[PDB]
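Each chain, letter by letter, is given below.
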Amino acid sequence: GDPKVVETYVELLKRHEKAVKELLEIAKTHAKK
Amino acid sequence: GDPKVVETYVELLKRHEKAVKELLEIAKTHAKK
Amino acid sequence: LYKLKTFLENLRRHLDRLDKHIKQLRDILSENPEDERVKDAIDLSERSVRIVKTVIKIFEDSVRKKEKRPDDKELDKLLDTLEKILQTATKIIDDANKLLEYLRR
Amino acid sequence: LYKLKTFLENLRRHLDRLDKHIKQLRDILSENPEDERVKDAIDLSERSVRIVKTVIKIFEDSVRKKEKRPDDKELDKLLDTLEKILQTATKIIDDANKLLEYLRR
């Protein structure tokens, strides 16, 4: 497929990694809380 | 939306224009035939 | 004859597909006149519509003229070729529609 | 309590969604080892899986420990925030799945 599509897809995956890392920081620091 | 997707979409539209232009050249030159 | 009618009918099915696609571009664009690339998309799809209309009328001409009568192999190979081109076109249109659905939703 | 269970259940629904997504990446990648960006996609999705597993276990810890008992407003606002983040994540995943379907078909 046209790598524009693939690069946008990978960018979505990276956005997802970042959002889940936010979830994790919240989960850890709330467990501490 | 991410303009990579949009540019790929427009490229599809252009491929379609070219294929239909091929259809038309065939249709015209076959009508002549 | 049957092949000419079948191909022309395929052409018109494809044209209806395109008309749905352009109604959808109409909605989307109408929401965002802000994008001149949507202006393009609309223009390109309309060009395609006009060209397919012209080809449908050209084969309408050819089809009725041939009905007016009772060398053919070249027309048959042209039929094979136009069918393959039509297949490529429908593949492109379905891919376009999928991207458009991603983009609208 | 009900909110903690509901959110954790949402997390696990999301994890199952991701597992389907990665089975699909497994098929696709297995067809083309040629692409190291598919290697990436696989790796990133697996990282996400591991992180969601860790968060599910962290809230399992928290949930059972809280069950062990009969200030809360901060936890409730954190619940609102985690729910909003989860919403963003599911939106991203659905967009990703649509692109992936465009790409496989």
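Calculation criteria
- Residues numbered from 1 in each chain as written, not as in the entry; some residues may be left out.
- Chains lettered and ligands numbered in written order.
- Heavy atoms only, no water.
- Residues with missing side-chain atoms left out of burial classes, pairs and counts.
- Helix = DSSP H or I, 4+ residues; strand = E, 2+ residues; numbered from the N terminus.
- Rg over C-alpha atoms; globule rule 2.2 N^0.38 Å.
- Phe/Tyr/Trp six-rings, centres within 6.5 Å; stacked < 30°, edge-to-face > 60°.
- Contact = heavy atoms within 4.5 Å.
- Nonpolar A, V, L, I, M, F, W, Y, C, P; charged D, E, K, R; others polar.
- Least-squares fit on C-alpha atoms.
- Expected span 1.5 Å × (residues − 1).
- Polar contact = N/O pair within 3.5 Å; in protein donor to acceptor, adjacent residues only side chain to side chain.
- Axes fitted to C-alpha atoms, helices over the stretch in contact; angles between N-to-C directions.
- Parallel < 35°, antiparallel > 145°, perpendicular 65-115°, else oblique.
- Left-handed = near helix turned anticlockwise from the far one by under 90°.

X-ray crystallography is the method the PDB entry states for this structure, with the resolution given as 3.261 Å.

Lay out the overall build of chain A with the relevant residues and their values.
The helix and strand tally for chain A stands at one helix and zero strands. Overall, the C-alpha framework of chain A stretches about 45 × 10 × 5 Å when taken along its three principal axes.

How would you sum up the overall build of chain C? Please name residues and give values.
For chain C, the helix and strand inventory stands at three helices and zero strands. Secondary structure of chain C in N-to-C order comes out as α-α-α. For chain C, the C-alpha radius of gyration of 17 Å lies well beyond 13 Å, the compact-globule estimate for 105 residues. With the C-alpha coordinates of chain C rotated into their principal frame, the extents come out at 55 × 20 × 15 Å.

Please provide a residue-by-residue account of the packing of aromatic side chains, values included.
Judged by centre distance (5.5 Å) and plane angle (45°), the rings of C:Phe7 and C:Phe59 are tilted. One end of the pair, C:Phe7, is in helix α1 (residues 2–31); the other, C:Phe59, is in helix α2 (residues 36–67), and 52 residues separate them in sequence.

Break down the interface of chain A and chain D for me, citing the residues and quoting the values.
The partner chain D presents 28 residues to the 19 residues of chain A that form the contact. Looking at the side of chain A that touches chain D residue by residue, the class counts come to 12 nonpolar, four polar and three charged.

I'd like to hear about the interface of chain D and chain C, residue by residue, with values.
Every contact between the two is made by five residues of chain D and, on the other side, five residues of chain C. Classifying every residue of the side of chain D that touches chain C by side-chain character gives two nonpolar, no polar and three charged.

Outline the relation of the copies chain D and chain C, listing residues and values.
Superposing chain D onto chain C takes a rotation of 180° plus a shift of 0.0 Å along the axis, which leaves an RMSD of 0.0 Å. This pairing of chains is accounted for by a two-fold axis. Most of the interface of chain D is mirrored in chain C, where 100% of its interface residues again form contacts.

So what about helix α2 (residues 36–67) of chain D? Which residues, and what values?
Over its 32 residues, α2(D) runs 46 Å from end to end, which matches the ideal 46 Å to within 8%, given 1.5 Å per residue. Two or three places before D:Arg37, at the opening of α2(D), D:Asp35 has a side-chain oxygen 2.7 Å from that residue's backbone nitrogen.

Can you explain the packing of helix α1 (residues 3–32) of chain A against helix α3 (residues 72–104) of chain D? Please cite residues and give values.
At a minimum axis distance of 9 Å, the contact between α1(A) and α3(D) shows a crossing angle of 160°. In terms of orientation, α1(A) and α3(D) fall into the roughly antiparallel class. The handedness of the crossing between α1(A) and α3(D) is left-handed. Residues that form the contact of α1(A) with α3(D) fall into these classes: 19 nonpolar, four polar and three charged.

Got a sec to walk through the environment of C:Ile93? Specific residues and values, please.
Summarising the element assignment, C:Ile93 is placed in helix α3 (residues 72–104). Separated by 22 residues in the primary sequence, C:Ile93 and C:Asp71 place their C-alpha atoms 33 Å from one another. Leaving out residues up to four positions away in the same chain, C:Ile93 has contacts with B:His16, C:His14, C:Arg17 and C:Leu18.

Please set out the packing of helix α1 (residues 3–32) of chain B against α2(C) residue by residue, giving values where relevant.
Packing of α1(B) against α2(C) brings their axes to within 10 Å, and their N-to-C directions diverge by 20°. It follows from the interaxial angle that α1(B) and α2(C) lie roughly parallel. Crossing of α1(B) over α2(C) shows left-handed handedness. On the side of α1(B), the interface is formed by B:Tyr9, B:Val10, B:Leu13, B:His16, B:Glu17, B:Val20, B:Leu24 and B:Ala27, while α2(C) contributes C:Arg37, C:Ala41, C:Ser45, C:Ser48, C:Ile51, C:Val52, C:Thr54, C:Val55 and C:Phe59. Looking at side-chain class alone, the contact of α1(B) with α2(C) contains 11 nonpolar, four polar and two charged residues.

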